[PDB]
file model.cif (mmCIF, C-alpha atoms; chains and numbers go by the auth columns)
data_query
loop_
_atom_site.group_PDB
_atom_site.id
_atom_site.type_symbol
_atom_site.label_atom_id
_atom_site.label_comp_id
_atom_site.label_asym_id
_atom_site.label_seq_id
_atom_site.Cartn_x
_atom_site.Cartn_y
_atom_site.Cartn_z
_atom_site.B_iso_or_equiv
_atom_site.auth_seq_id
_atom_site.auth_asym_id
ATOM 1 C CA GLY A 1 1.853 21.164 -2.228 0.00 1 E
ATOM 2 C CA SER A 2 1.289 23.335 -5.291 0.00 2 E
ATOM 3 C CA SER A 3 -0.029 21.070 -8.048 0.00 3 E
ATOM 4 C CA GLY A 4 -2.884 21.327 -10.529 0.00 4 E
ATOM 5 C CA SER A 5 -5.653 19.615 -8.576 0.00 5 E
ATOM 6 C CA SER A 6 -8.954 20.262 -6.800 0.00 6 E
ATOM 7 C CA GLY A 7 -8.992 21.316 -3.158 0.00 7 E
ATOM 8 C CA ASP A 8 -12.415 20.953 -1.559 0.00 8 E
ATOM 9 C CA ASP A 9 -12.427 17.364 -2.816 0.00 9 E
ATOM 10 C CA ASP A 10 -8.842 16.092 -2.910 0.00 10 E
ATOM 11 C CA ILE A 11 -9.431 12.478 -1.884 0.00 11 E
ATOM 12 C CA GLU A 12 -11.916 12.161 -4.745 0.00 12 E
ATOM 13 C CA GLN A 13 -9.283 12.961 -7.370 0.00 13 E
ATOM 14 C CA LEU A 14 -7.107 10.279 -5.777 0.00 14 E
ATOM 15 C CA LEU A 15 -9.978 7.793 -5.558 0.00 15 E
ATOM 16 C CA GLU A 16 -10.458 7.781 -9.331 0.00 16 E
ATOM 17 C CA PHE A 17 -6.881 6.508 -9.581 0.00 17 E
ATOM 18 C CA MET A 18 -7.421 3.903 -6.862 0.00 18 E
ATOM 19 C CA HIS A 19 -10.086 2.238 -9.006 0.00 19 E
ATOM 20 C CA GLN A 20 -7.658 2.053 -11.927 0.00 20 E
ATOM 21 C CA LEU A 21 -5.499 -0.330 -9.895 0.00 21 E
ATOM 22 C CA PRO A 22 -6.731 -3.901 -9.278 0.00 22 E
ATOM 23 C CA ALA A 23 -5.365 -4.178 -5.739 0.00 23 E
ATOM 24 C CA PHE A 24 -7.388 -1.086 -4.838 0.00 24 E
ATOM 25 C CA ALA A 25 -10.367 -2.410 -6.797 0.00 25 E
ATOM 26 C CA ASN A 26 -10.579 -5.756 -4.999 0.00 26 E
ATOM 27 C CA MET A 27 -12.493 -3.782 -2.370 0.00 27 E
ATOM 28 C CA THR A 28 -15.552 -1.568 -2.818 0.00 28 E
ATOM 29 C CA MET A 29 -15.131 2.182 -3.296 0.00 29 E
ATOM 30 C CA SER A 30 -16.133 3.123 0.252 0.00 30 E
ATOM 31 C CA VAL A 31 -13.173 1.074 1.478 0.00 31 E
ATOM 32 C CA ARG A 32 -10.883 2.997 -0.871 0.00 32 E
ATOM 33 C CA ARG A 33 -11.937 6.434 0.373 0.00 33 E
ATOM 34 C CA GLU A 34 -11.592 5.220 3.963 0.00 34 E
ATOM 35 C CA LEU A 35 -8.067 3.939 3.328 0.00 35 E
ATOM 36 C CA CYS A 36 -7.049 7.287 1.835 0.00 36 E
ATOM 37 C CA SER A 37 -7.835 8.677 5.288 0.00 37 E
ATOM 38 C CA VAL A 38 -5.669 6.091 7.046 0.00 38 E
ATOM 39 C CA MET A 39 -2.882 5.786 4.476 0.00 39 E
ATOM 40 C CA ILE A 40 0.455 7.604 4.633 0.00 40 E
ATOM 41 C CA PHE A 41 2.031 9.461 1.712 0.00 41 E
ATOM 42 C CA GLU A 42 5.557 8.446 0.713 0.00 42 E
ATOM 43 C CA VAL A 43 7.573 8.663 -2.506 0.00 43 E
ATOM 44 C CA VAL A 44 11.143 7.484 -3.080 0.00 44 E
ATOM 45 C CA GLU A 45 13.253 9.914 -5.106 0.00 45 E
ATOM 46 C CA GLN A 46 16.534 7.992 -5.179 0.00 46 E
ATOM 47 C CA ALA A 47 15.960 4.828 -7.209 0.00 47 E
ATOM 48 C CA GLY A 48 17.571 1.548 -6.194 0.00 48 E
ATOM 49 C CA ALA A 49 16.260 2.221 -2.696 0.00 49 E
ATOM 50 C CA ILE A 50 15.396 -0.547 -0.237 0.00 50 E
ATOM 51 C CA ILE A 51 11.694 -0.721 0.614 0.00 51 E
ATOM 52 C CA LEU A 52 11.744 -3.766 2.895 0.00 52 E
ATOM 53 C CA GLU A 53 14.421 -6.016 4.390 0.00 53 E
ATOM 54 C CA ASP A 54 14.384 -9.780 4.935 0.00 54 E
ATOM 55 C CA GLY A 55 13.215 -10.776 8.403 0.00 55 E
ATOM 56 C CA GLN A 56 11.226 -7.626 9.131 0.00 56 E
ATOM 57 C CA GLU A 57 7.946 -7.787 11.052 0.00 57 E
ATOM 58 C CA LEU A 58 5.572 -6.440 8.402 0.00 58 E
ATOM 59 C CA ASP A 59 2.923 -4.373 10.184 0.00 59 E
ATOM 60 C CA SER A 60 2.087 -1.950 7.374 0.00 60 E
ATOM 61 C CA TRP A 61 0.623 -2.491 3.905 0.00 61 E
ATOM 62 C CA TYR A 62 2.533 -1.194 0.883 0.00 62 E
ATOM 63 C CA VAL A 63 1.119 -0.431 -2.564 0.00 63 E
ATOM 64 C CA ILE A 64 3.040 0.485 -5.714 0.00 64 E
ATOM 65 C CA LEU A 65 1.551 3.798 -6.839 0.00 65 E
ATOM 66 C CA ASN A 66 4.176 4.555 -9.486 0.00 66 E
ATOM 67 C CA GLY A 67 7.360 3.022 -10.859 0.00 67 E
ATOM 68 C CA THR A 68 8.594 -0.567 -10.754 0.00 68 E
ATOM 69 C CA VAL A 69 9.890 -2.508 -7.751 0.00 69 E
ATOM 70 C CA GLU A 70 12.071 -5.622 -7.773 0.00 70 E
ATOM 71 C CA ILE A 71 12.006 -8.223 -4.998 0.00 71 E
ATOM 72 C CA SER A 72 14.827 -10.604 -4.084 0.00 72 E
ATOM 73 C CA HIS A 73 14.629 -13.856 -2.120 0.00 73 E
ATOM 74 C CA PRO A 74 17.294 -15.639 -0.030 0.00 74 E
ATOM 75 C CA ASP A 75 16.516 -18.925 -1.782 0.00 75 E
ATOM 76 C CA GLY A 76 17.309 -17.528 -5.216 0.00 76 E
ATOM 77 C CA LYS A 77 14.061 -16.091 -6.558 0.00 77 E
ATOM 78 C CA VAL A 78 13.343 -12.565 -7.794 0.00 78 E
ATOM 79 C CA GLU A 79 9.784 -11.307 -8.258 0.00 79 E
ATOM 80 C CA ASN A 80 8.830 -8.452 -10.585 0.00 80 E
ATOM 81 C CA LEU A 81 5.936 -6.144 -9.708 0.00 81 E
ATOM 82 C CA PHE A 82 4.588 -3.181 -11.674 0.00 82 E
ATOM 83 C CA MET A 83 2.351 -0.169 -11.040 0.00 83 E
ATOM 84 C CA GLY A 84 -0.818 -1.583 -9.513 0.00 84 E
ATOM 85 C CA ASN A 85 0.626 -4.548 -7.633 0.00 85 E
ATOM 86 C CA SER A 86 0.528 -4.698 -3.832 0.00 86 E
ATOM 87 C CA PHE A 87 2.900 -5.909 -1.118 0.00 87 E
ATOM 88 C CA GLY A 88 3.501 -5.729 2.622 0.00 88 E
ATOM 89 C CA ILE A 89 0.855 -7.246 4.880 0.00 89 E
ATOM 90 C CA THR A 90 -2.599 -8.817 4.626 0.00 90 E
ATOM 91 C CA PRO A 91 -5.949 -7.257 5.620 0.00 91 E
ATOM 92 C CA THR A 92 -6.114 -9.902 8.347 0.00 92 E
ATOM 93 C CA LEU A 93 -4.980 -9.191 11.908 0.00 93 E
ATOM 94 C CA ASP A 94 -2.573 -12.070 11.287 0.00 94 E
ATOM 95 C CA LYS A 95 0.950 -10.654 11.067 0.00 95 E
ATOM 96 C CA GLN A 96 3.707 -11.723 8.674 0.00 96 E
ATOM 97 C CA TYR A 97 7.475 -11.539 8.185 0.00 97 E
ATOM 98 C CA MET A 98 9.297 -10.366 5.059 0.00 98 E
ATOM 99 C CA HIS A 99 10.958 -13.284 3.271 0.00 99 E
ATOM 100 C CA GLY A 100 13.165 -11.207 0.991 0.00 100 E
ATOM 101 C CA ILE A 101 14.585 -7.803 0.092 0.00 101 E
ATOM 102 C CA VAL A 102 12.634 -5.238 -1.927 0.00 102 E
ATOM 103 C CA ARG A 103 14.315 -2.589 -4.076 0.00 103 E
ATOM 104 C CA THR A 104 12.952 -0.039 -6.548 0.00 104 E
ATOM 105 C CA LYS A 105 13.885 -0.360 -10.220 0.00 105 E
ATOM 106 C CA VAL A 106 13.416 3.281 -11.222 0.00 106 E
ATOM 107 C CA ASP A 107 13.446 6.742 -9.648 0.00 107 E
ATOM 108 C CA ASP A 108 10.460 8.864 -8.620 0.00 108 E
ATOM 109 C CA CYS A 109 8.791 5.776 -7.155 0.00 109 E
ATOM 110 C CA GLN A 110 5.585 6.463 -5.225 0.00 110 E
ATOM 111 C CA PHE A 111 4.172 4.281 -2.449 0.00 111 E
ATOM 112 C CA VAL A 112 1.715 4.214 0.454 0.00 112 E
ATOM 113 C CA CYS A 113 1.846 2.805 3.984 0.00 113 E
ATOM 114 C CA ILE A 114 -1.299 1.699 5.813 0.00 114 E
ATOM 115 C CA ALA A 115 -1.458 0.411 9.388 0.00 115 E
ATOM 116 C CA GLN A 116 -2.638 -3.177 9.836 0.00 116 E
ATOM 117 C CA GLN A 117 -5.350 -2.390 12.385 0.00 117 E
ATOM 118 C CA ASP A 118 -6.924 0.234 10.125 0.00 118 E
ATOM 119 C CA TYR A 119 -6.318 -2.173 7.244 0.00 119 E
ATOM 120 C CA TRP A 120 -8.436 -4.797 8.999 0.00 120 E
ATOM 121 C CA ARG A 121 -11.043 -2.342 10.278 0.00 121 E
ATOM 122 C CA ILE A 122 -12.103 -1.124 6.835 0.00 122 E
ATOM 123 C CA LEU A 123 -12.002 -4.057 4.415 0.00 123 E
ATOM 124 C CA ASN A 124 -13.401 -6.358 7.101 0.00 124 E
ATOM 125 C CA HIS A 125 -16.560 -5.884 9.169 0.00 125 E
ATOM 126 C CA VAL A 126 -15.138 -4.757 12.513 0.00 126 E
ATOM 127 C CA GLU A 127 -17.189 -3.046 15.220 0.00 127 E
ATOM 128 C CA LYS A 128 -15.918 0.344 14.054 0.00 128 E
ATOM 129 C CA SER A 129 -16.982 0.858 10.438 0.00 129 E
ATOM 130 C CA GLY A 130 -14.632 3.765 9.801 0.00 130 E
ATOM 131 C CA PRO A 131 -11.526 5.242 11.465 0.00 131 E
ATOM 132 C CA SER A 132 -11.976 7.641 14.382 0.00 132 E
ATOM 133 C CA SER A 133 -10.519 10.996 13.338 0.00 133 E
ATOM 134 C CA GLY A 134 -11.668 13.832 15.578 0.00 134 E
#

call {"tool": "encode", "arguments": {"input": "model.cif", "output": "C-alpha cells"}}
result
Amino acid sequence: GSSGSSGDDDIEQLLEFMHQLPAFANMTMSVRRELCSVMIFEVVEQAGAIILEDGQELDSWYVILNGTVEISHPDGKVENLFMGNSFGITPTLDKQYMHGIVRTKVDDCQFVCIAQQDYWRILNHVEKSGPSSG
C-alpha cells in the first residue's frame, strides 16, 4: 500500500484515530494498540452493500471506520449509525445473533473485523494479557 504515512510505526498513526472514536475510547489505549494487532482490514467499495444478515451467528466485532451504515429490522425499525459507532458482537464470550440486516449508505465505506476470543482477551483480564503472535 503506497500512501503518505509512517512505516516503522504504522499502528501508532492508526491509534491516534482510534482515540477520536468513542467506541475505541471506551477502552484504554493499550487495548486499542492490541486490537490493531488482532483486527482485520476491510473496506467496502460498492455502496449499498450488505454487511450482516438477519439470523447470523455474530462471532466478529464490526466498527464503522468511515462512511454511514443503515440497519433494518424485521419488526419494522431502522437504526442509523455514523462514523464512530460500533456493531457486531460484545467483548464478552457470550455470543449473539443478528436481529436485522445491515447495509451501507455510501461508497468507500471502511470497516474492521475482530475475533470474539481476542476481543475478550484484551478488554477483559484473561490469563493471556496480549495476543500470541510469533

call {"tool": "resolve_selection", "arguments": {"input": "model.cif", "expression": "the PyMOL selection byres ((chain E and resi 92) around 12)", "output": "ChimeraX atom specification"}}
result
/E:59-61,88-91,93-96,115-126

call {"tool": "residues_around", "arguments": {"input": "model.cif", "residues": "residue E:18", "least_positions_apart": "2", "cutoff": "12 Å", "atoms": "all atoms listed in the file", "output": "number ranges by chain"}}
result
E: 11-16, 20-36, 63-66, 83-85, 112

call {"tool": "closest_residue", "arguments": {"input": "model.cif", "among": "E:7, E:77, E:62, E:99", "to": "residue E:43", "atoms": "all atoms listed in the file"}}
result
E:62

call {"tool": "closest_residue", "arguments": {"input": "model.cif", "among": "E:100, E:56, E:38, E:1", "to": "residue E:130", "atoms": "only C-alpha atoms"}}
result
E:38

call {"tool": "residues_around", "arguments": {"input": "model.cif", "residues": "residue E:80", "least_positions_apart": "2", "cutoff": "8 Å", "atoms": "all atoms listed in the file", "output": "MDAnalysis selection string"}}
result
chainID E and resid 68:71 78 82

call {"tool": "write_last_selection", "arguments": {"input": "model.cif", "atoms": "C-alpha atoms", "output": "mmCIF file, in the frame of the given file"}}
result
data_model
loop_
_atom_site.group_PDB
_atom_site.id
_atom_site.type_symbol
_atom_site.label_atom_id
_atom_site.label_comp_id
_atom_site.auth_asym_id
_atom_site.auth_seq_id
_atom_site.Cartn_x
_atom_site.Cartn_y
_atom_site.Cartn_z
ATOM 1 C CA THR E 68 8.594 -0.567 -10.754
ATOM 2 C CA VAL E 69 9.890 -2.508 -7.751
ATOM 3 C CA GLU E 70 12.071 -5.622 -7.773
ATOM 4 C CA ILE E 71 12.006 -8.223 -4.998
ATOM 5 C CA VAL E 78 13.343 -12.565 -7.794
ATOM 6 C CA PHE E 82 4.588 -3.181 -11.674
#

call {"tool": "atom_distance", "arguments": {"input": "model.cif", "atom1": "atom CA of residue E:47", "atom2": "atom CA of residue E:101"}}
result
14.7 Å

call {"tool": "atom_distance", "arguments": {"input": "model.cif", "atom1": "atom CA of residue E:55", "atom2": "atom CA of residue E:131"}}
result
29.6 Å

call {"tool": "atom_distance", "arguments": {"input": "model.cif", "atom1": "atom CA of residue E:128", "atom2": "atom CA of residue E:37"}}
result
14.5 Å

call {"tool": "axis_aligned_box", "arguments": {"input": "model.cif", "around": "stretch 60-72 of chain E", "padding_each_side": "6 Å", "output": "AutoDock Vina command-line options"}}
result
--center_x 7.7 --center_y -3.0 --center_z -1.7 --size_x 26.2 --size_y 27.2 --size_z 30.2

call {"tool": "closest_residue", "arguments": {"input": "model.cif", "among": "E:103, E:10, E:79, E:98", "to": "residue E:49", "atoms": "all atoms listed in the file"}}
result
E:103

call {"tool": "closest_residue", "arguments": {"input": "model.cif", "among": "E:74, E:111, E:102, E:2", "to": "residue E:51", "atoms": "all atoms listed in the file"}}
result
E:102

call {"tool": "decode", "arguments": {"input": "model.cif", "residues": "stretch 51-63 of chain E", "atoms": "N, CA and C atoms", "output": "short mmCIF file (atom, residue, chain, number, x, y, z; two decimals), in the first residue's frame"}}
result
data_model
loop_
_atom_site.label_atom_id
_atom_site.label_comp_id
_atom_site.auth_asym_id
_atom_site.auth_seq_id
_atom_site.Cartn_x
_atom_site.Cartn_y
_atom_site.Cartn_z
N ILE E 51 -23.67 -5.79 5.04
CA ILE E 51 -22.61 -6.07 6.00
C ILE E 51 -22.94 -7.29 6.85
N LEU E 52 -24.21 -7.40 7.25
CA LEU E 52 -24.66 -8.51 8.07
C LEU E 52 -26.11 -8.87 7.76
N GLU E 53 -26.42 -10.16 7.79
CA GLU E 53 -27.77 -10.63 7.51
C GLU E 53 -28.49 -11.01 8.80
N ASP E 54 -29.82 -11.05 8.74
CA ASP E 54 -30.62 -11.40 9.90
C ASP E 54 -30.55 -12.90 10.18
N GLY E 55 -30.24 -13.25 11.42
CA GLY E 55 -30.14 -14.65 11.80
C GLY E 55 -28.75 -15.22 11.57
N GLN E 56 -27.74 -14.37 11.70
CA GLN E 56 -26.36 -14.79 11.51
C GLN E 56 -25.60 -14.80 12.83
N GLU E 57 -24.98 -15.93 13.14
CA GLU E 57 -24.22 -16.07 14.38
C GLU E 57 -23.04 -15.11 14.41
N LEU E 58 -23.24 -13.95 15.03
CA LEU E 58 -22.19 -12.94 15.13
C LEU E 58 -21.04 -13.43 16.01
N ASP E 59 -19.87 -13.60 15.40
CA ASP E 59 -18.70 -14.06 16.13
C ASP E 59 -17.56 -13.05 16.01
N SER E 60 -17.77 -12.02 15.20
CA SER E 60 -16.76 -10.99 15.00
C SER E 60 -17.32 -9.60 15.29
N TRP E 61 -16.47 -8.71 15.78
CA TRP E 61 -16.89 -7.35 16.11
C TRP E 61 -16.63 -6.41 14.94
N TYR E 62 -17.63 -5.61 14.59
CA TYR E 62 -17.50 -4.66 13.49
C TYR E 62 -17.52 -3.22 14.00
N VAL E 63 -16.71 -2.37 13.37
CA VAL E 63 -16.63 -0.97 13.76
C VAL E 63 -16.59 -0.06 12.54
#
